[PDB]
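**Student:** I have a structure here, written as structure tokens, and I will follow up with some questions on it.
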Amino acid sequence: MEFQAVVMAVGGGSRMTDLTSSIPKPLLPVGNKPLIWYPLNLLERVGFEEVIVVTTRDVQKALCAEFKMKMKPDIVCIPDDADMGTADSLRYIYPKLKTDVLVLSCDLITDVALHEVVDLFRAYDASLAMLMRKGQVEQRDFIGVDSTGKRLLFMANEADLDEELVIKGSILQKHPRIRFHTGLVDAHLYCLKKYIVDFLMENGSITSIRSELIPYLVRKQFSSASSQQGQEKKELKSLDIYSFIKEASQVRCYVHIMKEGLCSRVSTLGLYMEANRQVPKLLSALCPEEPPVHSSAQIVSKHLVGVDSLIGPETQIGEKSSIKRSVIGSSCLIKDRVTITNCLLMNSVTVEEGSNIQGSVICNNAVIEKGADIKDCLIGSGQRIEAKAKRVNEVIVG
Amino acid sequence: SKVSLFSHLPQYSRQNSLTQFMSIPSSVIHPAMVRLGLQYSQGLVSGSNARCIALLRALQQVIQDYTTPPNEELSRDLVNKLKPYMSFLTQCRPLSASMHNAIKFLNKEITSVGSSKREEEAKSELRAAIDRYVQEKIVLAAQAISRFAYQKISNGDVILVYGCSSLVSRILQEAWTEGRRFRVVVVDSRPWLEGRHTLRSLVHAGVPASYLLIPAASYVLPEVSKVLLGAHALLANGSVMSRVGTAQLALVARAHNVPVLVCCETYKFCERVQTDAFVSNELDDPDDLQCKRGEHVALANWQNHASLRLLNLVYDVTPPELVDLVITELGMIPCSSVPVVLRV
Amino acid sequence: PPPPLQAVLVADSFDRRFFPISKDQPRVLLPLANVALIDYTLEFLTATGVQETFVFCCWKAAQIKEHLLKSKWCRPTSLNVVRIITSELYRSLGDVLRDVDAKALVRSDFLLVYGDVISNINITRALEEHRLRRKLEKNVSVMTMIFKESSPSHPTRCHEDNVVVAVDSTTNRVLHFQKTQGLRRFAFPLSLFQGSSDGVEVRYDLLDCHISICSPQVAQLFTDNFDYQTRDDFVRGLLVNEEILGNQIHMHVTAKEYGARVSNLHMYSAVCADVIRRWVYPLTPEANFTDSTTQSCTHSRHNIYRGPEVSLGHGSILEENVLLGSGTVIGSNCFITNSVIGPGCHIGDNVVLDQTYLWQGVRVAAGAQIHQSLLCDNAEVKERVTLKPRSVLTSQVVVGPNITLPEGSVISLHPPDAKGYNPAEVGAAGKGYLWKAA
Amino acid sequence: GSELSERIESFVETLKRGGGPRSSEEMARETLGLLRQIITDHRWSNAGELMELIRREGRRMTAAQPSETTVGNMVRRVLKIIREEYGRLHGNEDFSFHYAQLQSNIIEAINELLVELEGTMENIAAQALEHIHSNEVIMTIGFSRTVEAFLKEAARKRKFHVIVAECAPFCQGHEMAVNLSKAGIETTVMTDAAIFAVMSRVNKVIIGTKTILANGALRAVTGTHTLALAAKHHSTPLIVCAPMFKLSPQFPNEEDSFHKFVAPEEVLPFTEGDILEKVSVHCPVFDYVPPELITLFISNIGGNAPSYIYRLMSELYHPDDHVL
């Protein structure tokens, strides 16, 4: 009755080329579990009892009611034949929205408690409170915070900037000193109130919230009857937000950042292996009753194992199958004298004897051959494998 | 690590946040009041005036969203439901006498409600009663008090004030606007330093003013002509409870032959009795006492030393023998006549 | 230990912002709070341990010489040695720097100061930091600017001196330095942010004091470039040219001391007001740090200072913040507040003085009202005169009776360009000219 | 000659520009050493030249810093010693007759005075066992070394509790709190404003002082006066611990030079520049206390009433040298 959670997962990105389409984006394999199970479980950890998620018909078919978690998901079938954006989708679900909203994206994984950001939203009646993680070229963005490092004051991107940045000579007379940050990574945790969606109902120019909503909001939160009116339109700007907010300098923005911990969104193929490598550490405390190897897996080589060696169900193993912190899915056949280091595997992978795989990835219906000296790849689906070859920079096309 | 003298009184810190131990979608406690309790530990404290207004607003909002139980009436259900709420609010920070009187009045109003009316009618009646209470008991009383006190200010006077209080600032601004000329002296004390609010307000108004600290109070009393003070509560025997340091000012002013005036409303009259400026007080965070010396900050890691305690009181009590006049919405009376008149 | 600390003093303004008055008297000899404007700088230098000082003066250097020869700093018991060098070829700071480099005076880190600076700042910590920085590295830092923390709304921040500065957070190093005069927007190059990682700090809440700690290397940089003439040009050239050059410039900010420089009337009024109210504690009117037998005071309540042999009439009222010289005579039923009066002045009856400054030898007739004015040496005012705010009267001028000057009036003894006297301008029996405008 | 002038100038300049980490004992020792040095050199004919020179130097050093009083006390004591020696050597007061043993007698007398001065704090501390008893509460304000020694001497046998006021804005009570905590004594620190609230549970008040006047009045730190009044409201005894060189033959006639004022930076910071143009701030340092609020005086001789003080004055300074 106070917060409505909206989970967004429609469409992938340029870095994904064979995952978001062939496999459902929410159900991509990390830690032998679907990725969307990670944020959703967090929503069930705090105590949320209403989750609204929009997705396509294919994901709905792949989902139905297959999970046995207490939340009752409310799936709305978005039109698949669209180039939809955040603003348009939140425009769609507007009649079902009554209270403040909490937008989240499935690609995000973090371990930080949300009590801090919600406390910041509650205490200072802020319009919004986003999240940024310390950076770990694409027109680097610069954000300027005040001395206390809690209130956003400036934000810009290098895309429209040519060689310099300009600051109006009125901000400094109210905030004498500001601090700039360049290396940061955004997180989709926009905790905005009910008035913002009502304001954007009558304005159709905005299509993506990340690159269109926050810049205008932070630009307008500072100026007043002077500058934005003295130096520079209710009937032209479609009933501007200042005229909207009439309740008991009304728009204020705040941002929290943290320096230690893990918080990242898997939208690049590079971060995939860091994710699937570090997720067992989270799973050790998250689910302390999950063995590293599935119970119903046909294990033979129980002494050549490194760290955890995640293994799916019904997975036949061969003797002398050396493994070093590798990932293995379900229904995988493994023969003898096979060595695997820091590699990923998932459902229905067959392996011949005498193989050697180093830092690679394997897709569905892949048959490994004897004497295969593999050094980094991703491996296509429904294709057999030959000896040697494979590279990290020269990844196999198939 | 409390003082053995103040062992009974509880000591709390400002960094033991209680919000970590319940769900973000709060269901045990109404979210608006959770926000209010969170804000209680940051600010929104001014002479139990803003706090009472905020509490009444939150109570009105809570009453707005209510459902009548099928096998119960409003009178018992609401009363039984409200107890954990202000119990948790008390857990956040100790209350004040004005809030106790307000909640007593609200409970009395709730009990008297009959079952003939509908739920909506009862809700509207309760909202109207609360609005009437806040309108009658605060604003008009302040206007009447200002009108009464306008007659005790003359040209060429020097008035002394202490701390921050809305009533005194309102009185002084109204008197200056009415066309009278005088000047003011402000006295401040560590560690809150709340006199700067009054100093800024007076400077913006256009009144000459001077500023200084409490220990030099005996230096400037030969020039002063009147002393004007606010209050937080009024005890049965006629004593006045205020921020720590008021009794010192009263004593030194009495020693220098200067009259003392106290301003208060009639809804802060308490039924407690106290005979000394001790015993029933409230402690605060001791870490605020650390002086920002810049270099070699003393008292750092004060818990390391074996025997070392820091004391931080909030209140004190002034006996009625040091007060010459009390101004309320009913008029001006001597201090010792307070209980006989107001008790009714 | 390093050789004794040395200082360089510039006693020439090279400016025209004080030139309805500086025809007669040089700037450094102007009286502030009945004390010359050069004693404050010398006392400030002495109090910090400086053991040797050089003085350069060109314009009307004879008066400066004769004044310095009678001061207490030229006595044999003084711990600071004063040396006087005079010439008629100096035109800017660059010429002075070239001359001192040619004569090879400095041997180590030294100080460089103008002629009108009021402060009570100790230097030892900044000196130690500079020495450590130049010891760990080699000839990297060649300057250490000094600033004071202040808000952007104080009355001691003239529009002609406001600056905006961009610094590195970890080590105090100036990356950008811009002056803001008539600009409504501030711009910074993008190369700063990408060079660093977690700080490009931008500050607008600093007050400049024109105090520097310079190594000898600076002198060389003032000889190779023959176009440099001020400190701003040097700073901008060093910051722009980043091939090798001088490597870096550093900054130091104080928070619990005082420091300012006088350059116009607004600064003069602000500094005088701050000095009267004991904002520079060790240097106060009653302290008598000049040990002159003709200047003494007795502090009283409400910040009132009285000298020796001062007569007061009946009914006179002094409000607060008043300085009276020696031999001053006051009439009856007056009203003086926030004023400074020099030695040897006569005042009639029924006079109102507010935020006004009068120097020695000024006589004022009865029945007058003055507000926010400056009167120079040996002036006179007749009866029935009312001066509106922002009025200036130079030396020897007279104003006739039954007149009322408008706001901003300026009157000097010299002709408007340097004829009779207009009875409408200077009143009846008035001797002077109306300069008009600033 | 040159060395003497350099030392005099250094002393005067140190006096004028505030000072340093110097206690009263060090100041007295330096003044006595300088006076002995000026006596030794700067050859004089008879007593008159010596008296005139000493008086001139004393007037100069006194006008250097009015709020410092030990220098004048030492000067007057030396003058009285010179008078006594001249009276002894000699058989219509005239100081022109010439002798040869005068300087040696003066020098040995000054040496005896220094020896007496060195052994002072121990004598005061030796009486701590007759006033402090077990299970008692003692109040104090500020930071004084004499009180610290007085408490530490008696702490070796009995146990008690001490409450210290912070004495804003310099806040030097923290140092004494830490020092007493290190010695193993219960302590409590609180702000100034709570003096009257806790006075009802105090058994004794012990303080120090900066100067003692002829009639028994006190010149102490800012917060002392109110502290004296509240105690009188409960008839709680008040005790002052001070040596004998803090006594001056002055009276409280004019208070223009009594208090000492400093920069208003300590009270209101400079970062409030919007409103600093219309507000006046005053920061006094010292404070006057009448003699009716003092119970007992403890020194290196014993306990005395405030009335006895006058007598001591009459046997310490000649009436002629009251005004230099």
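Order determines the names: the first chain of the structure tokens is A, the second B, and so forth; residues in each chain are numbered 1 upward, and ligands are numbered 1 upward as they are shown.
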When you get a sec, could you note down which chain B residues fall within 12 Å of chain A, using only C-alpha atoms, as a PyMOL selection string?
**Tutor:** chain B and resi 17-28+30-44+54+57+65
**Student:** For the selection you just gave me, I'd like the residues written to a file as a CSV table (one decimal), in the first residue's frame, keeping N, CA, C and O atoms.
**Tutor:**
```csv
chain,number,residue,atom,x,y,z
B,17,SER,N,20.4,2.8,14.9
B,17,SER,CA,19.2,2.9,14.1
B,17,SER,C,18.3,1.7,14.3
B,17,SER,O,18.7,0.6,14.2
B,18,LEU,N,17.0,2.0,14.6
B,18,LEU,CA,16.1,0.9,14.8
B,18,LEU,C,15.3,0.4,13.6
B,18,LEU,O,14.6,-0.6,13.7
B,19,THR,N,15.5,1.0,12.5
B,19,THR,CA,14.8,0.7,11.2
B,19,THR,C,15.3,-0.5,10.5
B,19,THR,O,14.7,-1.0,9.6
B,20,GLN,N,16.5,-1.0,10.9
B,20,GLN,CA,17.1,-2.1,10.2
B,20,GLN,C,16.4,-3.5,10.4
B,20,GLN,O,16.6,-4.4,9.7
B,21,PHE,N,15.6,-3.6,11.5
B,21,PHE,CA,15.1,-4.8,12.0
B,21,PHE,C,13.6,-5.1,11.6
B,21,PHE,O,13.1,-6.1,12.1
B,22,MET,N,13.0,-4.4,10.7
B,22,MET,CA,11.7,-4.7,10.1
B,22,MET,C,11.7,-4.5,8.6
B,22,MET,O,12.6,-3.9,8.0
B,23,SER,N,10.6,-5.1,8.0
B,23,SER,CA,10.5,-5.1,6.6
B,23,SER,C,10.4,-3.7,6.0
B,23,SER,O,9.8,-2.8,6.6
B,24,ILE,N,10.9,-3.5,4.8
B,24,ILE,CA,10.8,-2.3,4.1
B,24,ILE,C,9.3,-2.0,3.8
B,24,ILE,O,8.9,-0.9,4.0
B,25,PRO,N,8.5,-3.0,3.3
B,25,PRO,CA,7.1,-2.7,3.2
B,25,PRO,C,6.4,-2.9,4.6
B,25,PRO,O,5.9,-3.9,4.9
B,26,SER,N,6.5,-1.8,5.4
B,26,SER,CA,6.1,-1.9,6.8
B,26,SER,C,4.6,-2.2,6.9
B,26,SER,O,3.8,-1.7,6.2
B,27,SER,N,4.3,-3.1,7.8
B,27,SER,CA,2.9,-3.6,8.1
B,27,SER,C,2.6,-3.5,9.6
B,27,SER,O,1.5,-3.2,10.0
B,28,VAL,N,3.7,-3.7,10.4
B,28,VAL,CA,3.5,-3.6,11.8
B,28,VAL,C,3.1,-2.2,12.2
B,28,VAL,O,2.2,-2.0,13.1
B,30,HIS,N,2.3,2.0,10.8
B,30,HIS,CA,1.9,2.7,9.6
B,30,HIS,C,3.1,3.5,9.1
B,30,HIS,O,3.9,4.1,9.8
B,31,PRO,N,3.3,3.5,7.7
B,31,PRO,CA,4.5,4.0,7.2
B,31,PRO,C,4.7,5.5,7.5
B,31,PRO,O,5.9,5.9,7.7
B,32,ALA,N,3.7,6.3,7.5
B,32,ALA,CA,3.8,7.8,7.8
B,32,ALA,C,4.4,8.0,9.1
B,32,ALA,O,5.3,8.8,9.3
B,33,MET,N,3.9,7.2,10.1
B,33,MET,CA,4.4,7.4,11.5
B,33,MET,C,5.9,6.8,11.6
B,33,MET,O,6.6,7.3,12.4
B,34,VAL,N,6.2,5.8,10.8
B,34,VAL,CA,7.6,5.3,10.7
B,34,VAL,C,8.5,6.4,10.2
B,34,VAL,O,9.6,6.7,10.8
B,35,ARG,N,8.1,7.2,9.2
B,35,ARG,CA,8.8,8.3,8.7
B,35,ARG,C,8.9,9.4,9.8
B,35,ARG,O,10.0,10.0,10.0
B,36,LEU,N,7.8,9.6,10.5
B,36,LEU,CA,7.9,10.6,11.6
B,36,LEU,C,8.9,10.2,12.7
B,36,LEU,O,9.7,11.1,13.1
B,37,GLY,N,8.9,9.0,13.1
B,37,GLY,CA,9.8,8.5,14.1
B,37,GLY,C,11.2,8.6,13.6
B,37,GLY,O,12.2,8.9,14.4
B,38,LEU,N,11.5,8.3,12.3
B,38,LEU,CA,12.8,8.4,11.8
B,38,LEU,C,13.2,9.9,11.8
B,38,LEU,O,14.4,10.2,12.1
B,39,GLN,N,12.3,10.8,11.5
B,39,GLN,CA,12.7,12.2,11.5
B,39,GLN,C,12.8,12.8,12.9
B,39,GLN,O,13.5,13.8,13.1
B,40,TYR,N,12.3,12.1,13.9
B,40,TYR,CA,12.4,12.5,15.3
B,40,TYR,C,13.9,12.5,15.7
B,40,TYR,O,14.3,13.3,16.6
B,41,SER,N,14.7,11.6,15.2
B,41,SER,CA,16.1,11.5,15.6
B,41,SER,C,17.0,12.4,14.8
B,41,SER,O,18.3,12.4,15.0
B,42,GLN,N,16.5,13.3,13.9
B,42,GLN,CA,17.3,14.2,13.1
B,42,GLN,C,17.0,15.7,13.4
B,42,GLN,O,17.9,16.5,13.5
B,43,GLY,N,15.7,16.0,13.5
B,43,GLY,CA,15.3,17.4,13.8
B,43,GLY,C,13.9,17.4,14.2
B,43,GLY,O,13.4,16.6,14.9
B,44,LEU,N,13.2,18.5,13.7
B,44,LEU,CA,11.7,18.7,14.0
B,44,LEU,C,11.5,18.7,15.5
B,44,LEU,O,10.5,18.1,16.0
B,54,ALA,N,3.0,17.8,14.2
B,54,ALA,CA,3.3,16.7,13.4
B,54,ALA,C,2.7,15.4,13.9
B,54,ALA,O,2.1,14.6,13.1
B,57,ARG,N,-1.0,15.6,12.9
B,57,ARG,CA,-1.1,15.4,11.5
B,57,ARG,C,-1.0,13.9,11.1
B,57,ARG,O,-1.8,13.3,10.4
B,65,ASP,N,-7.4,6.2,7.1
B,65,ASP,CA,-7.4,4.9,6.6
B,65,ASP,C,-7.7,3.9,7.7
B,65,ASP,O,-6.8,3.4,8.4
```
**Student:** Could you give me, as a PyMOL selection string, each residue of range 131-195 of chain C that DSSP assigns to helix (DSSP H, G or I) when run on this structure's backbone?
**Tutor:** chain C and resi 131-136+191-195
**Student:** Compile the contact shell of range 268-281 of chain C as a PyMOL selection string: residues with an atom at most 6 Å away, counting only C-alpha atoms, same-chain residues fewer than 2 positions apart removed.
**Tutor:** (chain C and resi 156+262+265-266+283) or (chain D and resi 262-263)
**Student:** Write out, as a short mmCIF file (atom, residue, chain, number, x, y, z; two decimals), in the first residue's frame, the residues just selected, with N, CA and C atoms.
**Tutor:**
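Writing done, so here's part_9.cif:
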```
data_model
loop_
_atom_site.label_atom_id
_atom_site.label_comp_id
_atom_site.auth_asym_id
_atom_site.auth_seq_id
_atom_site.Cartn_x
_atom_site.Cartn_y
_atom_site.Cartn_z
N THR C 156 33.63 42.07 2.80
CA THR C 156 35.02 42.25 2.39
C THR C 156 35.35 41.47 1.13
N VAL C 262 44.11 46.50 0.92
CA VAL C 262 43.30 47.67 0.61
C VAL C 262 43.65 48.16 -0.79
N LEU C 265 38.08 52.43 -1.99
CA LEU C 265 37.39 53.00 -0.84
C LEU C 265 36.56 51.95 -0.10
N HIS C 266 35.90 51.06 -0.85
CA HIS C 266 35.09 50.03 -0.22
C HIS C 266 35.94 49.13 0.67
N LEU C 283 46.97 43.58 17.32
CA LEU C 283 47.11 44.95 16.86
C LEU C 283 45.80 45.69 17.10
N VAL D 262 39.44 39.71 23.83
CA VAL D 262 40.15 39.07 22.73
C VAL D 262 39.31 39.14 21.47
N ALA D 263 39.80 38.54 20.39
CA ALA D 263 39.10 38.60 19.12
C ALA D 263 37.77 37.84 19.21
#
```
**Student:** Please, which residues of chain C lie no more than 10 Å from chain A when the count uses only C-alpha atoms, and can they be set out as a ChimeraX atom specification?
**Tutor:** /C:150-153,164,169,180,183-194,196-206
**Student:** Given the selection you just returned, output its residues as a file containing N, CA, C and O atoms, formatted as a tab-separated table (two decimals), in the first residue's frame.
**Tutor:**
```tsv
chain	number	residue	atom	x	y	z
C	150	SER	N	36.39	31.83	3.78
C	150	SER	CA	35.34	32.82	4.02
C	150	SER	C	34.14	32.51	3.15
C	150	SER	O	34.23	31.79	2.15
C	151	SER	N	32.99	33.07	3.54
C	151	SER	CA	31.74	32.91	2.81
C	151	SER	C	31.66	33.90	1.65
C	151	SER	O	32.34	34.93	1.66
C	152	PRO	N	30.85	33.61	0.64
C	152	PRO	CA	30.74	34.52	-0.51
C	152	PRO	C	29.84	35.73	-0.29
C	152	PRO	O	29.53	36.42	-1.26
C	153	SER	N	29.42	36.01	0.94
C	153	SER	CA	28.52	37.12	1.21
C	153	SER	C	29.11	38.13	2.19
C	153	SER	O	28.42	39.10	2.55
C	164	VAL	N	37.81	32.15	-8.75
C	164	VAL	CA	37.35	30.77	-8.68
C	164	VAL	C	38.53	29.86	-8.99
C	164	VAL	O	39.30	30.12	-9.92
C	169	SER	N	42.30	17.32	-4.70
C	169	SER	CA	41.83	17.11	-3.33
C	169	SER	C	42.94	16.60	-2.42
C	169	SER	O	43.10	17.08	-1.29
C	180	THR	N	36.70	36.46	-11.90
C	180	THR	CA	35.30	36.60	-12.30
C	180	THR	C	34.89	38.07	-12.17
C	180	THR	O	34.65	38.57	-11.07
C	183	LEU	N	31.04	38.15	-15.36
C	183	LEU	CA	30.76	36.88	-16.01
C	183	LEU	C	29.66	36.15	-15.25
C	183	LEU	O	29.75	36.00	-14.02
C	184	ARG	N	28.64	35.70	-15.97
C	184	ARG	CA	27.53	34.97	-15.37
C	184	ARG	C	27.66	33.46	-15.53
C	184	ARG	O	26.77	32.73	-15.07
C	185	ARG	N	28.73	32.98	-16.15
C	185	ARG	CA	28.93	31.55	-16.34
C	185	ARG	C	30.42	31.25	-16.28
C	185	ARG	O	31.24	32.05	-16.74
C	186	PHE	N	30.77	30.10	-15.70
C	186	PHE	CA	32.15	29.69	-15.52
C	186	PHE	C	32.40	28.42	-16.31
C	186	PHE	O	31.59	27.49	-16.27
C	187	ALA	N	33.53	28.37	-17.01
C	187	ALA	CA	33.88	27.24	-17.86
C	187	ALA	C	35.24	26.69	-17.48
C	187	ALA	O	36.15	27.44	-17.09
C	188	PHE	N	35.38	25.37	-17.59
C	188	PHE	CA	36.63	24.69	-17.27
C	188	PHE	C	37.00	23.72	-18.38
C	188	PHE	O	36.12	23.06	-18.94
C	189	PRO	N	38.28	23.63	-18.73
C	189	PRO	CA	38.70	22.66	-19.74
C	189	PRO	C	38.48	21.23	-19.27
C	189	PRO	O	38.52	20.93	-18.08
C	190	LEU	N	38.23	20.34	-20.24
C	190	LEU	CA	37.94	18.95	-19.94
C	190	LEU	C	39.18	18.13	-19.62
C	190	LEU	O	39.04	17.01	-19.12
C	191	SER	N	40.37	18.65	-19.90
C	191	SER	CA	41.59	17.87	-19.69
C	191	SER	C	41.88	17.62	-18.22
C	191	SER	O	42.62	16.69	-17.89
C	192	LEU	N	41.31	18.43	-17.32
C	192	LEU	CA	41.58	18.27	-15.90
C	192	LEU	C	41.00	16.97	-15.36
C	192	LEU	O	41.68	16.21	-14.66
C	193	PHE	N	39.73	16.69	-15.68
C	193	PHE	CA	39.04	15.56	-15.07
C	193	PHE	C	39.66	14.23	-15.48
C	193	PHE	O	39.84	13.35	-14.63
C	194	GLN	N	39.98	14.07	-16.76
C	194	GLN	CA	40.51	12.80	-17.23
C	194	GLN	C	41.90	12.53	-16.70
C	194	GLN	O	42.30	11.36	-16.56
C	196	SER	N	43.05	13.22	-13.59
C	196	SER	CA	42.92	12.72	-12.23
C	196	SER	C	41.82	11.66	-12.15
C	196	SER	O	41.20	11.30	-13.15
C	197	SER	N	41.59	11.16	-10.94
C	197	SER	CA	40.64	10.08	-10.73
C	197	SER	C	39.49	10.48	-9.82
C	197	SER	O	38.33	10.32	-10.20
C	198	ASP	N	39.77	11.00	-8.62
C	198	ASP	CA	38.73	11.19	-7.61
C	198	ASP	C	38.73	12.59	-7.00
C	198	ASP	O	38.25	12.76	-5.88
C	199	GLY	N	39.26	13.59	-7.70
C	199	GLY	CA	39.09	14.95	-7.23
C	199	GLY	C	39.51	16.02	-8.22
C	199	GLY	O	40.64	16.03	-8.71
C	200	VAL	N	38.58	16.93	-8.51
C	200	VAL	CA	38.82	18.09	-9.36
C	200	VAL	C	38.26	19.31	-8.63
C	200	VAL	O	37.73	20.23	-9.26
C	201	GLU	N	38.36	19.29	-7.30
C	201	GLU	CA	37.66	20.21	-6.40
C	201	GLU	C	37.57	21.62	-6.96
C	201	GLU	O	38.57	22.19	-7.42
C	202	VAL	N	36.37	22.19	-6.93
C	202	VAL	CA	36.13	23.56	-7.39
C	202	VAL	C	35.71	24.39	-6.19
C	202	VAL	O	34.78	24.01	-5.46
C	203	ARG	N	36.38	25.51	-5.97
C	203	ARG	CA	36.17	26.35	-4.81
C	203	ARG	C	35.91	27.79	-5.23
C	203	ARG	O	36.57	28.33	-6.13
C	204	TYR	N	34.93	28.40	-4.55
C	204	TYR	CA	34.59	29.81	-4.73
C	204	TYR	C	34.49	30.52	-3.39
C	204	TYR	O	34.05	31.68	-3.35
C	205	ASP	N	34.90	29.88	-2.30
C	205	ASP	CA	34.77	30.42	-0.95
C	205	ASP	C	36.14	30.71	-0.33
C	205	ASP	O	36.38	30.42	0.85
C	206	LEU	N	37.04	31.29	-1.10
C	206	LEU	CA	38.38	31.62	-0.63
C	206	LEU	C	38.65	33.10	-0.83
C	206	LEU	O	38.20	33.70	-1.81
```
**Student:** Find the spatial neighbours of residue 381 in chain A, counting only C-alpha atoms, within a cut-off of 12 Å - ignore same-chain residues fewer than 4 positions away - and output them as a list in words.
**Tutor:**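 Contacts, in chain order: residues 18, 19, 22, 23, 345, 346, 347, 348, 349, 361, 362, 363, 364, 365, 366, 367, 385, 396, 397 and 398 of chain A.
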**Student:** Could the residues of chain D that have an atom at most 12 Å from chain C be listed as CSV, each with its closest atom pair and the distance in Å to one decimal, counting only C-alpha atoms and ordered by chain and ascending residue number?
**Tutor:**
```
residue,atom,partner,partner_atom,distance
D:2,CA,C:77,CA,9.2
D:3,CA,C:77,CA,11.0
D:4,CA,C:77,CA,11.6
D:5,CA,C:77,CA,8.2
D:6,CA,C:77,CA,7.4
D:7,CA,C:77,CA,10.8
D:8,CA,C:77,CA,10.6
D:9,CA,C:77,CA,8.0
D:10,CA,C:79,CA,9.8
D:12,CA,C:289,CA,11.7
D:13,CA,C:47,CA,9.7
D:14,CA,C:47,CA,10.5
D:15,CA,C:282,CA,11.6
D:16,CA,C:282,CA,8.4
D:17,CA,C:282,CA,6.5
D:18,CA,C:282,CA,7.8
D:19,CA,C:282,CA,11.3
D:60,CA,C:291,CA,11.3
D:63,CA,C:287,CA,10.0
D:64,CA,C:287,CA,8.8
D:65,CA,C:287,CA,9.0
D:66,CA,C:287,CA,10.5
D:254,CA,C:300,CA,10.5
D:255,CA,C:300,CA,8.9
D:256,CA,C:300,CA,5.7
D:257,CA,C:299,CA,7.7
D:258,CA,C:300,CA,10.7
D:259,CA,C:300,CA,10.4
D:260,CA,C:299,CA,10.3
D:261,CA,C:281,CA,8.5
D:262,CA,C:281,CA,5.9
D:263,CA,C:281,CA,5.2
D:264,CA,C:279,CA,6.6
D:265,CA,C:256,CA,7.3
D:266,CA,C:256,CA,8.9
D:267,CA,C:256,CA,11.8
D:268,CA,C:256,CA,11.2
D:269,CA,C:256,CA,8.4
D:270,CA,C:150,CA,6.5
D:271,CA,C:151,CA,5.1
D:272,CA,C:151,CA,6.8
D:273,CA,C:154,CA,3.9
D:274,CA,C:153,CA,5.2
D:275,CA,C:154,CA,8.1
D:276,CA,C:154,CA,7.6
D:277,CA,C:155,CA,7.4
D:278,CA,C:273,CA,11.1
D:279,CA,C:277,CA,10.5
D:280,CA,C:277,CA,8.0
D:281,CA,C:277,CA,8.6
D:282,CA,C:302,CA,8.8
D:283,CA,C:278,CA,10.3
D:284,CA,C:301,CA,11.4
```
**Student:** What is the distance between CA of residue 300 in chain A and CA of residue 33 in chain A, in Å to one decimal?
**Tutor:**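 Interatomic distance, CA of residue 300 in chain A to CA of residue 33 in chain A: 23.6 Å.
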**Student:** Within range 165-267 of chain D, find each residue whose DSSP state, derived from the backbone, is strand (DSSP E or B), and express the selection as a count of residues only.
**Tutor:** 22
**Student:** Give me the residues near range 188-192 of chain A as number ranges by chain, where near means some atom within 6 Å (using only C-alpha atoms) and where sequence neighbours in that chain fewer than 5 positions away do not count.
**Tutor:** A: 102-104, 127-130
**Student:** Keeping only C-alpha atoms, write the selected residues to a file as a PDB file, in the first residue's frame.
**Tutor:**
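Printed below is part.pdb as written:
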```pdb
ATOM      1  CA  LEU A 102      10.315   0.992  -7.279  1.00  0.00           C
ATOM      2  CA  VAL A 103      11.818   0.197 -10.681  1.00  0.00           C
ATOM      3  CA  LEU A 104      14.319  -2.660 -10.900  1.00  0.00           C
ATOM      4  CA  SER A 127      11.874  12.957  -5.245  1.00  0.00           C
ATOM      5  CA  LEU A 128      14.245  10.105  -6.133  1.00  0.00           C
ATOM      6  CA  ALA A 129      17.307   8.252  -4.854  1.00  0.00           C
ATOM      7  CA  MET A 130      19.418   6.301  -7.347  1.00  0.00           C
TER       8      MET A 130
END
```
**Student:** My list of candidates is B:308, B:110, B:168, B:158. Which is closest to residue 258 in chain B when distances are computed with only C-alpha atoms?
**Tutor:**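 Counting only C-alpha atoms, the residue closest to residue 258 in chain B is B:158.
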